[PDB]
């Protein structure tokens, strides 16, 4: 019922999960591991873990087993931001209210920490305790995180994003960028939550996919909107960063009003998909509240 309290509960759960998977690693208290801990744990809304937990919870899977996919997806997410902020990429000096990884620890440490966080995601999925999760479903989790994170998803989208700098690409190309760079990982969170539930989760996938696809695109449209109108102290990252690099964005192409409308229509579409699940007596309340927050949030 109370969404801010659920978000904070999720932040604590996910941070604990991440910390536990990071703690047995060697080279604690050296720069690369400290970079990983800074970039993964210090700040962030943990909405992808939120998606993993909320989805798995719908099928009655234990929060403790969901710690694994929640932490894995957040490792990929964390890695993606570390590399995204690099000078050769978006060259941003602030994130989550603090110096970016490459500023505080140097570029080499940032590259390697992001590299290692990606690897850790796959160590988590292959090694972590998930008692109710069949090997078949664990393999599917790994396969999904891989396809969603790599050239067919997030990385591919990062390449499209970089290519579209200064090119003011049309809506169809814009959507392709956003769905890959941001949509794909968000859909992986939902899929990993569902796969944790086995066959019952798999049966929901056609519908959860449509939900995930809509909130995932909406997530990036809101990110672009926030880049224009948000305050740096609230965002935790610099307002007007996109405009400075000439990024193809929703607000740059369509203006702020039409971008907002696109985000709102995507969320209404996400809500519609969830109605199909609520019909089968699955509790969609956390997923609908998350869907609304994705476009109501100011950070």
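Positions refer to the first chain, counted from 1.
Could you check which stretch, 73-81 or 193-201, carries the larger mean CA temperature factor in the entry?
Averaged over C-alpha atoms, the B-factors run higher in 193-201.
Mean C-alpha B factor from the entry: is it higher for 89-97 or for 116-124?
That would be 89-97.
With respect to the C-alpha temperature factors reported in the PDB entry, which of 213, 137, 223, 165 ranks highest?
Of 213, 137, 223, 165, 165 has the highest C-alpha B-factor.
Out of 174, 188, 154, 111, which one has a C-alpha B factor higher than all the others in the entry?
Result of the comparison over 174, 188, 154, 111: 174.
Looking at the C-alpha B-factor of residue 274, is it in the lowest, middle or highest third of its chain?
Tercile = highest for this residue's CA B-factor.
Compared with the other modelled residues in the chain, in which third is the CA B-factor of residue 14?
For residue 14, whose C-alpha B-factor we compare with every modelled residue in the chain, the answer is the lowest third.
Ranked by Cα temperature factor within the chain, is residue 144 in the lowest third, the middle third or the highest third?
Within its chain, residue 144 is a lowest-third residue by C-alpha B-factor, going by the deposited values.
Relative to the other modelled residues in the chain, which third contains the C-alpha temperature factor of residue 67: lowest, middle or highest?
Lowest third - that is where residue 67 ends up once the chain's C-alpha B-factors are sorted.
Which third, lowest, middle or highest, does the CA B-factor of residue 178 fall in along this chain?
Middle third, going by the recorded CA B-factors of the chain.
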